[PDB]
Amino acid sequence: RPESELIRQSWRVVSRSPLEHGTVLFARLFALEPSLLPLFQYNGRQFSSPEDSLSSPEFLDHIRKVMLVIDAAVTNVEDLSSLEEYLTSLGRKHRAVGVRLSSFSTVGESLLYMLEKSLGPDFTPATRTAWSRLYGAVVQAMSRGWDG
């Protein structure tokens, strides 16, 4: 797939600094949806503000995990059924911590945001469509983790 190459190429400069980029994604996420901030609790404590999440080793370690899973999707872009069961398993962990299916879109918007900003003029409408398609495939795989 030429479009798989668009994904792989677009991901290259992100993957070399996954924490800085994932930090953009999550900063965006809490700027769009501050109500997601309490879902991330460590020591039991609640982040008061979005910048508090950024000073937390556990939360930064969470970011790198997410960025690893997106990397795994990229690695497997040309089939993706090779990750299906992992992603479904990831989905039921999300159900169990109380995330809604409806939150998926804001995380995807946060990811696309982060890519557009990183790539600038290199984030062609073809690149964007390819990412939306990839993120959608990952979300449908995860959604089964609700039953599906």
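Position 1 is the first residue in the sequence shown; the rest follow in order.
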| query | finding |
| --- | --- |
| Mean Cα B-factor comparison, 94 to 102 or 109 to 117, giving the higher one as deposited | 94 to 102 |
| 50 to 58 set against 76 to 84, stretch whose average Cα temperature factor tops the other in the entry | 76 to 84 |
| Cα B factor band for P125 (lowest, middle or highest third within the chain) | highest |
| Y42 by Cα B-factor - lowest, middle or highest third of the modelled chain | highest |
